[PDB]
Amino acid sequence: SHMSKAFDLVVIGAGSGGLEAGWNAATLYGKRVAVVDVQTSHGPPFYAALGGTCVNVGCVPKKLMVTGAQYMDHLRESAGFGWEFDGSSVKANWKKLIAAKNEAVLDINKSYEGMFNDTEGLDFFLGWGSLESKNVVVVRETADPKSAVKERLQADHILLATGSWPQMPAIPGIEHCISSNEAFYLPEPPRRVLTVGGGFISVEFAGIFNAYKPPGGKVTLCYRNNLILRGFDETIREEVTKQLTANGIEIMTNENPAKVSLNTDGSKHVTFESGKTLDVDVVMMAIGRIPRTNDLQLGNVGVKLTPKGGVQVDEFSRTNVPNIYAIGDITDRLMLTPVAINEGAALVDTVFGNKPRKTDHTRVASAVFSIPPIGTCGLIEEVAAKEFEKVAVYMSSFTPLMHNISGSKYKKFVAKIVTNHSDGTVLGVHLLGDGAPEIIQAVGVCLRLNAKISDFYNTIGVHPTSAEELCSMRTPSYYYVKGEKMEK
């Protein structure tokens, strides 16, 4: 006999949260830390890898792809500013985009491999981790619990940071579908695609495919309810629909796939609940992400799950079992890279540092890299209204000037500030238009600072920008007093 490798902390999942935790504990509390993940670089079969979802199959590569997409707009829009070239000569090369995105992701993988190798107290382990018991973490050959054990890891504390995975509805033909995962690796651009879901990934991939589809190509997005983007400011959801339609993407609302069968030429025949049908080369299922709890064998130690099925955790990320924590998408709060980063740091502060700290989950700034994009932070009006007696809304939506010249007149900029009209505290900011995501960041700081609308208007404009619009609104566009919209 001989000893198992021993750690202060073992983290399952080398992603947005786990990596911040592992890093913080190794470089700032002098701890020995094990991080398990299922591949060392991006791609099939498991897509996520060293770096996590954000890095291999999320924020980073999609943003490249959305930048890739924006050139369709750019090239068209430049004629207005006098640019001339052979429009007939223009083709959008997917192969070449993917190959770019790929090796860029690979550099991030390779770069984090090197940082493990270079950081004393931080080691990586390739495989599937699970819980044999409350202080033992087994790393196995595959997700199957009968796969050969690779190593047993003795751990004082255990960090569950496995993230989330696409939710695939049980319908006939679901095997004929794909997910965000596979989208990143289509070998050639789909000609007709249907993205299923009215959420941020679907809306996003739609514009991507929209830009890179060949010939008489068509992109259809569908949503089970009236209006895409549940959770976002309601003017934005409408504007963004009209703008997605304008770039030639079509929206199916109050529609939901019920089955998919294969056509004899390999294409996809989709029947919705309503009897309706649609033929596409690809069906991208993007209807929700579910916490990834199944391979962890949490039964072995009895970690309680919420009804929705995420790892239940207190405001400090602790499970019903001492020394086991969870952060990030597996917890089913806000599914965002920076919330997982801020969650892991805080956990490590709490447990290894002198300074206990908990993640603030309100007033989190976020974006949607649609074309144009949304930038948002804080409460939307319909929520604000329920919880505050008097709520004011300030609004503005010129179609901006450059887009009068550029040809895309359909490209509005909406800006919205939602306030507690009783003292003027800004509860929420909601934007759609070019630069929206870049603008919203400091608004985050503003909110954490309890900024009042008076603080917004009293600050002096930067001209000429779209952001200056936010310091020009002084008169409310309308209100809500106890629950009810009014206007005066």
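What we label the rigid core is the largest C-alpha set whose atoms superpose within 1.5 Å from one form to the other. A residue's number is simply how far along the shown sequence it sits, counting from 1.
| Stretch with larger C-alpha RMS deviation in 9 other deposited structures of this protein, core superposed, 97-105 versus 351-359 | The answer is 351-359, which departs more from the shown form in 9 other deposited structures of this protein.
| query | If you average the CA temperature factors over each stretch, which comes out higher, 225-233 or 395-403? | reply | Of 395-403 and 225-233, the stretch with the higher C-alpha B-factor average is 395-403.
| Taking only the CA atoms, which stretch has the higher mean B-factor in the record, 288-296 or 156-164? | Result: 288-296.
| task | Among the candidates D314, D144, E77, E188, give the one with the maximum CA B-factor reported in the record. | result | If I rank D314, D144, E77, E188 by C-alpha B-factor, first place goes to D314.
| Out of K412, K416, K150, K101, which residue has the highest Cα temperature factor in the PDB record? | So the option with the highest C-alpha B-factor is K412.
| request: Consider only the C-alpha atoms of the modelled residues in this chain, order them by B-factor as the entry records it, and name the third containing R140: lowest, middle or highest. | output: Tercile = lowest for this residue's CA B-factor.
| query | Is the Cα B-factor recorded for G424 in the lowest, middle or highest third of its chain? | reply | Answer is highest: the recorded C-alpha B-factor places it there.
| query | When the modelled residues of the chain are sorted by Cα temperature factor, does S472 land in the lowest, middle or highest third? | reply | According to the entry, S472 has a C-alpha B-factor in the chain's highest third.
| query | Going by what the PDB entry lists, where does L347 fall on CA B-factor within its chain: lowest, middle or highest third? | reply | Within its chain, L347 is a middle-third residue by C-alpha B-factor, going by the deposited values.
| task | Select lowest, middle or highest to describe the third in which the CA B-factor of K482 falls within its chain in this entry. | result | Tercile = highest for this residue's CA B-factor.
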